[PDB]
Amino acid sequence: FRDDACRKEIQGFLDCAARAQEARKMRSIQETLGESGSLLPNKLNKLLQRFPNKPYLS
Amino acid sequence: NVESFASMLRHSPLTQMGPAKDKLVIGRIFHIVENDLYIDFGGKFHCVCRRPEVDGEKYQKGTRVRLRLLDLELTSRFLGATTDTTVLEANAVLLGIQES
Amino acid sequence: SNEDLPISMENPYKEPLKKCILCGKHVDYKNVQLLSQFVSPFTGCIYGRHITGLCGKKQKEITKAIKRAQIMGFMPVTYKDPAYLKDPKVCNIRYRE
Amino acid sequence: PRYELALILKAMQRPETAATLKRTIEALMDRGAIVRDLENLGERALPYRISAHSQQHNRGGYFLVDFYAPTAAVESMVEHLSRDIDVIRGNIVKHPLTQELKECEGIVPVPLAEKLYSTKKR
Amino acid sequence: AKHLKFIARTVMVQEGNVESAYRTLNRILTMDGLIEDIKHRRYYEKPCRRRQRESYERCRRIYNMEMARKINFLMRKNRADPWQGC
Amino acid sequence: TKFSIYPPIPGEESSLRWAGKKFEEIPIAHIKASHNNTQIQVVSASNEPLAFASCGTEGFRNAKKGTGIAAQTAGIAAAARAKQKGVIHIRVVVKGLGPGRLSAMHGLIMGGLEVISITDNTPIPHXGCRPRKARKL
RNA sequence: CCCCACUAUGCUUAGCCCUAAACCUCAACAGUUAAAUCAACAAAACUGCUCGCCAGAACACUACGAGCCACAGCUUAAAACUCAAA
Ligand code: FES
Ligand SMILES: [K+]
Ligand SMILES: [K+]
Ligand SMILES: [Mg+2]
Ligand SMILES: [Mg+2]
Ligand SMILES: [Mg+2]
Ligand SMILES: [Mg+2]
Ligand SMILES: [Mg+2]
Ligand SMILES: [Mg+2]
Ligand SMILES: [Mg+2]
Ligand SMILES: [Mg+2]
């Protein structure tokens, strides 16, 4: 457990943690807000509000 | 000698066209929203086509275009419904601009 | 009365009914090449009709023919005979991404 | 009726295979069968290893025997094939050409079922 | 046991990429239903319980496929409001 | 030539080689991934045992045997004994959906072995013995 | 309840036993979608005709009698006492 002999391995684990930290910081801005691909439930439910299923007669 | 409704219907272009699938028709752009082109082609409902990537600036209000029809009215009955759901618009593919 | 009134008749524009790829063809338990086109290459499992596109009558004939061919010594059970891996792919399924 | 004998024979030389086919066709005739044709499907590798008569087999000769016979001859022939040491596996099925395939008009579409629930408001 | 080996459920590794080969194998076993089959066989599912599960899974497929068909049918209507202000 | 995920069929003429050996000559690593343990045995193409290791033989006990890190340790132990006998390339045959299914294969790679193919042989009866009754939890 | 082991039992043969939330709790046959559409819920509302069955709750899948290869069984099946509800 002497850090002097494990510098390259400690550094790699540190750099990875920082890169995984920034990526975690961006995953929120992009995937949560942009709604890439399929719509989110909230947006998809607004679309169903406009064309409700009609199981009765009018 | 007043023409009856039955005679008008028999000789109307929409009746003479038969099925609308894969039929080439001429449309007219009457409304534009960003890149959404609203096109009337003589049917009950209009169709909404996206502005093509090539010569996009040539598609303006009043421009006459060529369409390939797919359906005059998009409707469908879904599980449990008593009537069909309709989006109140036709289905067509924008081919290009009509020119003389 | 009036010549322009509609007339009663059958839909002239009606499209012919669609047919499965095996409509009108004999399914034999000895034709292992044909039967192999409807089983999984990796597990030998028989594909359902939503994958094979066959109608109800032919999905049944294919199923019965495979089960017969397997136990009579014509067709393997746990995999698709490798000799038939380059036959026309008629089933709707993809295993590689 | 008309039957079809799917016969898988032990991988042997031509003389012993001819003696086995003759011995098998005569067993059918002795039971009142009218043999119509004999087809050779070729020697191949079995789809799986088959154990028959205290022996393991990986290859076999596939043969078909189309014949007519009384209904009581099938049971007696199945018992005969079980004792022939040169037969790996033999099955008798009703000839597939007797079953006439009915004509098919095509696929009739099935519409979504309607009126499965009353139209009252829920 | 009596079949040939290294044919069924076998995937070749490409360029030493063992992770992608394992994911391909797992995807094959899943699509063919072998994974769910193995799990359901760890304990005996009584016949009446299996019939109830199959009925539940079939009703779920019908509902999910109909909801998906309606979503794809209405997705074109998710465009911008053409009559904003009216 | 395009890559084929299907293995080469014995008897046919294939161009694939691994250290001059054909697919039928590569040793086999049998991995049994149970719910509470993982056992790894490396054998030659002629079925000669070359190395064996399990989570139990590597000092793990009770619930610790049924972990991924225990299976990875067993994979490294089996690869070490197999590499001494001249094994480089192996064909992996894994059976069972235990927690050491994928970890055991990582240990084999960490130990210096190269996996050229993966085969699942998890036993699936086609109708078989009745399994034990369900648990009340 | 969880873990392990093992038996009757699950299988075959020959006889019994005759029960189930044996319920899709929706009797068979014929017909209708119009009128008043309909307590509620459930799986829309009805017509003709026939057989079976039901009449507060509990006592009671009980007692007694009778029948049955059934002997701690099955089928048929009450009453008294009790309550103003169920
Ligand atoms: S549609 Fe005719 S047999 Fe399949
Ligand atoms: K009853
Ligand atoms: K029920
Ligand atoms: Mg016992
Ligand atoms: Mg049995
Ligand atoms: Mg029942
Ligand atoms: Mg009755
Ligand atoms: Mg009472
Ligand atoms: Mg009782
Ligand atoms: Mg009693
Ligand atoms: Mg009594």
Side-chain angles (χ1 to χ4, degrees), chain A residues 51-58, chain B residues 75-86, chain C residues 8 56 67 70-71 77, chain D residues 51-52 72 74-76 78-79 81-83 91 109-122, chain E residues 1-2 36-67 69-70, chain F residues 32-39 54-71 74 95-101 103-104 122-137:
Chain A
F51 305 91
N53 196 30
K54 192 196 183 185
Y56 53 92
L57 295 188
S58 300
Chain B
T75 68
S76 183
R77 188 163 300 191
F78 298 105
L79 185 72
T82 59
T83 188
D84 286 23
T85 296
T86 180
Chain C
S8 183
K67 300 305 301 181
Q70 282 175 342
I71 198 64
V77 188
Chain D
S51 50
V74 176
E75 181 175 6
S76 179
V78 170
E79 205 288 332
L81 295 171
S82 300
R83 294 185 278 91
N91 293 278
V110 168
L112 175 60
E114 293 186 5
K115 300 183 298 194
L116 295 179
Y117 300 93
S118 64
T119 61
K120 69 178 183 179
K121 245 187 176 184
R122 315 180 178 284
Chain E
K2 289 176 174 179
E36 295 297 309
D37 177 71
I38 291 163
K39 288 176 177 175
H40 286 320
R41 287 179 180 271
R42 187 176 183 180
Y43 311 94
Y44 182 68
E45 183 175 20
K46 294 166 174 293
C48 74
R49 259 67 249 188
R50 189 192 176 88
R51 290 191 297 274
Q52 292 163 3
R53 181 170 61 79
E54 289 178 5
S55 172
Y56 161 80
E57 290 178 358
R58 285 165 179 167
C59 294
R60 178 163 59 82
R61 177 180 299 104
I62 291 168
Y63 184 96
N64 287 346
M65 292 183 67
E66 280 294 323
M67 178 59 77
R69 191 172 66 86
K70 180 173 182 178
Chain F
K32 185 167 182 279
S34 302
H35 305 102
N36 301 314
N37 194 16
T38 304
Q39 305 186 59
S54 69
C55 306
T57 68
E58 301 307 321
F60 297 88
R61 288 165 178 79
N62 298 321
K64 292 186 182 180
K65 301 203 306 304
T67 62
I69 188 63
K95 53 165 57 169
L97 303 180
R101 179 179 172 89
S103 296
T122 306
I124 303 173
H126 297 174
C129 307
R130 184 190 181 110
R132 52 152 293 172
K133 73 200 189 72
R135 302 178 73 191
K136 297 149 160 167
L137 305 169

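Numbers restart at 1 for each chain; the letters A, B, ... are given by sequence-line order, proteins then strands.
- Under the side-chain hydrogen bond (donor to acceptor under 3.5 Å, both in side chains) criterion, B/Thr75 pairs with no residue, sequence neighbours left out.
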Residues 115-122 of chain D, side-chain donor-acceptor partners within the protein, below 3.5 Å, at least two apart:
residue	atom	partner	partner atom	Å
D/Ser118	OG	D/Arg122	NH2	3.3
D/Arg122	NH2	D/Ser118	O	3.0

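- Base-pair partner of G/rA27: G/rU50 (Watson-Crick or G-U wobble, both distances under 3.5 Å).
- Nucleotide G/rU37 has no partner under the Watson-Crick or G-U criteria, as no pair reaches both atom distances under 3.5 Å.
- Taking the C1' atom of each, G/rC16 and G/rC71 are spaced 14 Å apart, rounded to whole Å.
- The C1'-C2'-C3'-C4' dihedral of G/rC59 is positive. Its furanose therefore counts as north.
- Checking G/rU75 for Watson-Crick or G-U wobble geometry (two distances, each under 3.5 Å) identifies G/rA66 as its partner.
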Summary of protein contacts for nucleotides 39-45 of chain G, nucleotide by nucleotide, where a base hit scores B, a sugar-phosphate-only hit scores S (4.0 Å, heavy atoms): --SSSS-
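- Both conditions, centre separation below 5.5 angstrom and plane angle below 30 degrees, hold for the six-membered rings of G/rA66 and G/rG67.
- Between G/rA58 and its strand neighbour G/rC59 the base rings stack, satisfying centres under 5.5 Å and planes under 30°.
- Pucker check on G/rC69: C1'-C2'-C3'-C4' negative, sugar south.
- Taking E/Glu36 as the reference, nothing meets the salt bridge (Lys or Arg N to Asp or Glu O under 4.0 Å) condition, with sequence neighbours excluded.
- Distance check: E/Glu66 CD to D/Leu112 CG gives 5.5 Å after rounding to the nearest 0.5 Å.
- Using the sign of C1'-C2'-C3'-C4' as the criterion, G/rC71 is classed as a south pucker.
- Expressed to the nearest 0.5 Å, how far CD of E/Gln52 lies from CD of E/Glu45 amounts to 9.0 Å.
- In this entry G/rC18 carries a south-puckered sugar, per its negative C1'-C2'-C3'-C4' angle.
- Partners of E/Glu57 by side-chain hydrogen bond (donor to acceptor under 3.5 Å, both in side chains), not counting sequence neighbours, listed by chain and number: E/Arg53.
- G/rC74 and G/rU19 are spaced 8 Å apart, taking the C1' atom of each and rounding to whole Å.
- Taking all atoms of both residues into account, the shortest heavy-atom contact from D/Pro109 to D/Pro111 is O-CD, 3.7 Å.
- Residues meeting the salt bridge (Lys or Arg N to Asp or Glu O under 4.0 Å) test with E/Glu54, sequence neighbours left out: E/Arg50, E/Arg58.
- Separating the P atom of G/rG73 from that of G/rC64 is a span of 11 Å, rounded to the nearest Å.
- For the pair G/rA5 and G/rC6, the rule of 5.5 Å between ring centres and 30° between base planes classifies them as stacked.
- Only the P atoms considered, G/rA45 is 10 Å distant from G/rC38, to the nearest whole Å.
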With 3.5 Å as the limit, what N/O pairs link the protein to nucleotides 5-13 of chain G?
none

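- Stacking status of G/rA39 with G/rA40: stacked, per the base-ring test of centres under 5.5 Å and planes under 30°.
- Nucleotides G/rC41 and G/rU25 are separated by 15 Å at their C1' atoms, to the nearest Å.
- For G/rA70, the sugar pucker falls north, since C1'-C2'-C3'-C4' comes out positive.
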Tabulated below should be each protein N or O lying under 3.5 Å from an N or O of nucleotides 2-4 of chain G; please produce it.
residue	atom	partner	partner atom	Å
G/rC2	OP1	F/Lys136	N	2.8
G/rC2	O3'	F/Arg135	NE	3.2
G/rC2	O3'	F/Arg135	NH2	3.0
G/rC2	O2'	F/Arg135	NH2	3.4
G/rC3	OP1	F/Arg132	NH1	2.7
G/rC3	OP1	F/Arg132	NH2	3.1
G/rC3	OP1	F/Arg135	NE	3.0

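- In this structure, the separation between CD on F/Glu58 and NZ on F/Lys64 is 15.0 Å, given to the nearest 0.5 Å.
- Residues passing the salt bridge (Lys or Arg N to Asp or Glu O under 4.0 Å) test with E/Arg42, sequence neighbours excluded: none.
- Adjacent nucleotides G/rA77 and G/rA78 fail the stacking criterion: their six-membered base rings are not both under 5.5 Å apart at the centres and under 30° between the planes.
- Across all strands shown, G/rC81 forms no Watson-Crick or G-U wobble pair with both key distances under 3.5 Å.
- Only the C1' atoms considered, G/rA58 is 40 Å distant from G/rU47, to the nearest whole Å.
- Applying the salt bridge (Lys or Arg N to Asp or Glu O under 4.0 Å) criterion to E/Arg51, with sequence neighbours excluded, gives no partner residue.
- Residues forming a side-chain hydrogen bond (donor to acceptor under 3.5 Å, both in side chains) with F/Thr122 (at least two apart in sequence, or on another chain): F/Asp120.
- A straight line from CZ of E/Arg51 to P of G/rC23 spans 14 Å, rounded to a whole angstrom.
- Spacing between G/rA85 and G/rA57 at atom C1', rounded to whole Å, works out to 7 Å.
- No canonical Watson-Crick or G-U wobble pair links G/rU9 to G/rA42 with each of its two hydrogen-bond distances shorter than 3.5 Å.
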Pairs of donor and acceptor atoms involving the side chains of residues 130-137 of chain F, under 3.5 Å and at least two apart or interchain, shall be tabulated with distances.
none

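- Rounded to whole Å, the separation between the P atoms of G/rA20 and G/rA77 comes to 13 Å.
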